[PDB]
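Taking it in order: structure first as structure tokens, then the write-up.
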Amino acid sequence: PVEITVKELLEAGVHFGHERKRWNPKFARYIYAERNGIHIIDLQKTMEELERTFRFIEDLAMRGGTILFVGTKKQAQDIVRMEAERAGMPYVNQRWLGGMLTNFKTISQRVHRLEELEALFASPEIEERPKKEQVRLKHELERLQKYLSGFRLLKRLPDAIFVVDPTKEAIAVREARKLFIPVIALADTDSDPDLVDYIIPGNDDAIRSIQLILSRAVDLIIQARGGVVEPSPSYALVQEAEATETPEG
RNA sequence: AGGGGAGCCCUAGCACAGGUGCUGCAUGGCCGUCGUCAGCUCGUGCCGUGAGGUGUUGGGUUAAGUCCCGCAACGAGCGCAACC
Ligand SMILES: [Mg+2]
Ligand SMILES: [Mg+2]
């Protein structure tokens, strides 16, 4: 049953039958206290820390600060970009690079090739040598973009970090704290609530939680201070958040 | 008449020429050779008390450290290639 949330998209489900001899284990469902992914233990402990954290995201915001989020799991990545562009800041989906922060003065160079290439495919210099290098410059521009598509907003090392799972993207969190950078992350029982600077004890995994915690973390920024504007947002045309703007091919 | 004097010839004395006369285990120079083999390194960062390691390992591909993907590394140089 899809409570107006599922939407009938002619989803067959012919190959989706439970004929997968799934009728094999009785204890198949070892079930615990994790049936939908919404845990809040001790409350007087977590809610205390939340206010804490979210009070800073607000501060770093107003102080003009910057917050690059760090995403690495498939269980996020894209969920990192939406909350990325919606909130004008740098993000890292694909993969971290040793030094992303403890080497700026060098990884930032890559960012430069990137921009450099991005210039050339805009001037008449297009096509002046063998297709080979033409592609030699396309591979790069392409790759570079794959791994640097979000680091282009880091003219200088950031005031904070928002890594999802400070245990899977630990290098990130190492590099960070080695440079006195408050590290903000999700974290759970299977994490280092000692390393995480400003914790938000959500579910490390679980798409939903992510989008839930990461969004307000994005909205809180945006709503930093305020203003009038009371005609509210429109529904169906929420494309500026990114969605799937203009395709190529 | 003749005398002085410059380039030069000759005897004599001298500084010295000359020497394929030793030493290439004193050397430059140039060459051979492993090897036309695919390799040898550097910057920055990270690991390590340290010598150092990481990158240059791994899967795949290549005539090739050639290229791909991975990865605490990101690059760059000499070489490979291309230029002839
Ligand atoms: Mg070939
Ligand atoms: Mg060869």
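Identifiers in the structure tokens: chain A, B, ... in order shown; residue index from 1 per chain; ligand index from 1 in order shown.
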Please, which residues have at least one atom within 9 Å of an atom of ligand 1, using only C-alpha atoms (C1' of nucleotides) and all ligand atoms, listed as a ChimeraX atom specification? /B:62-63,66
Give as number ranges by chain the residues surrounding ligand 2 up to a distance of 12 Å, considering only C-alpha atoms (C1' of nucleotides) and all ligand atoms. B: 35-39, 62-64, 66, 79-81
Chain A contacts to chain B at 6 Å (only C-alpha atoms (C1' of nucleotides)) as an MDAnalysis selection string: chainID A and resid 98:99 103 107
Residues just named, written with N, CA, C and O atoms as a PDB file, in the first residue's frame:
ATOM      1  N   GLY A  98      42.885  11.756  -0.725  1.00  0.00           N
ATOM      2  CA  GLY A  98      43.758  11.991   0.403  1.00  0.00           C
ATOM      3  C   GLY A  98      44.239  13.418   0.360  1.00  0.00           C
ATOM      4  O   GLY A  98      44.885  13.828  -0.596  1.00  0.00           O
ATOM      5  N   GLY A  99      43.899  14.188   1.380  1.00  0.00           N
ATOM      6  CA  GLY A  99      44.336  15.560   1.426  1.00  0.00           C
ATOM      7  C   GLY A  99      43.297  16.590   1.043  1.00  0.00           C
ATOM      8  O   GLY A  99      43.551  17.777   1.204  1.00  0.00           O
ATOM      9  N   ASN A 103      45.779  19.394   2.043  1.00  0.00           N
ATOM     10  CA  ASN A 103      46.642  19.541   0.886  1.00  0.00           C
ATOM     11  C   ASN A 103      46.034  20.544  -0.083  1.00  0.00           C
ATOM     12  O   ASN A 103      46.528  20.714  -1.196  1.00  0.00           O
ATOM     13  N   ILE A 107      45.362  20.083  -4.173  1.00  0.00           N
ATOM     14  CA  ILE A 107      44.213  19.466  -4.804  1.00  0.00           C
ATOM     15  C   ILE A 107      43.479  20.560  -5.544  1.00  0.00           C
ATOM     16  O   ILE A 107      42.887  20.325  -6.592  1.00  0.00           O
TER      17      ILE A 107
END
Given only C-alpha atoms, how would the per-residue table for segment 66-141 of chain A near segment 170-188 of chain A read, listing every residue at most 9 Å away with its closest atom pair and distance in Å to one decimal, sorted by chain and number, as a tab-separated table?
residue	atom	partner	partner_atom	distance
A:69	CA	A:184	CA	8.8
A:70	CA	A:172	CA	7.8
A:96	CA	A:172	CA	7.3
A:97	CA	A:172	CA	8.9
A:98	CA	A:171	CA	7.7
A:99	CA	A:175	CA	7.0
A:100	CA	A:172	CA	8.0
A:101	CA	A:175	CA	6.3
A:102	CA	A:175	CA	6.0
Write the residues of the selection above to a file with N, CA and C atoms, as a short mmCIF file (atom, residue, chain, number, x, y, z; two decimals), in the first residue's frame.
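The new file part_29.cif reads:
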data_model
loop_
_atom_site.label_atom_id
_atom_site.label_comp_id
_atom_site.auth_asym_id
_atom_site.auth_seq_id
_atom_site.Cartn_x
_atom_site.Cartn_y
_atom_site.Cartn_z
N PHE A 69 29.50 19.54 2.73
CA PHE A 69 29.02 18.26 3.19
C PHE A 69 29.82 17.19 2.51
N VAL A 70 29.98 16.07 3.19
CA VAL A 70 30.74 14.98 2.63
C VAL A 70 29.90 13.74 2.52
N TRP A 96 36.53 10.71 -1.78
CA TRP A 96 37.44 11.66 -1.20
C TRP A 96 38.82 11.40 -1.76
N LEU A 97 39.67 12.40 -1.67
CA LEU A 97 41.02 12.30 -2.16
C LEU A 97 41.89 12.60 -0.96
N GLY A 98 42.88 11.76 -0.72
CA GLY A 98 43.76 11.99 0.40
C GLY A 98 44.24 13.42 0.36
N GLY A 99 43.90 14.19 1.38
CA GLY A 99 44.34 15.56 1.43
C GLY A 99 43.30 16.59 1.04
N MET A 100 42.15 16.16 0.54
CA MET A 100 41.09 17.10 0.15
C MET A 100 41.19 18.36 0.97
N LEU A 101 41.57 18.23 2.24
CA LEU A 101 41.72 19.38 3.12
C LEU A 101 43.18 19.61 3.57
N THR A 102 43.92 18.54 3.87
CA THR A 102 45.31 18.68 4.31
C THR A 102 46.25 18.82 3.14
#
Find, counting only C-alpha atoms (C1' of nucleotides), the residue in B:15, B:7, B:55, B:60 that gets nearest to residue 41 of chain B.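 Using only C-alpha atoms (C1' of nucleotides), residue 41 of chain B sits closest to B:55.
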May I have the residues within 10 Å of residue 74 of chain A as a count of residues only, using only C-alpha atoms (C1' of nucleotides) and disregarding those fewer than 6 positions away in the same chain? 4
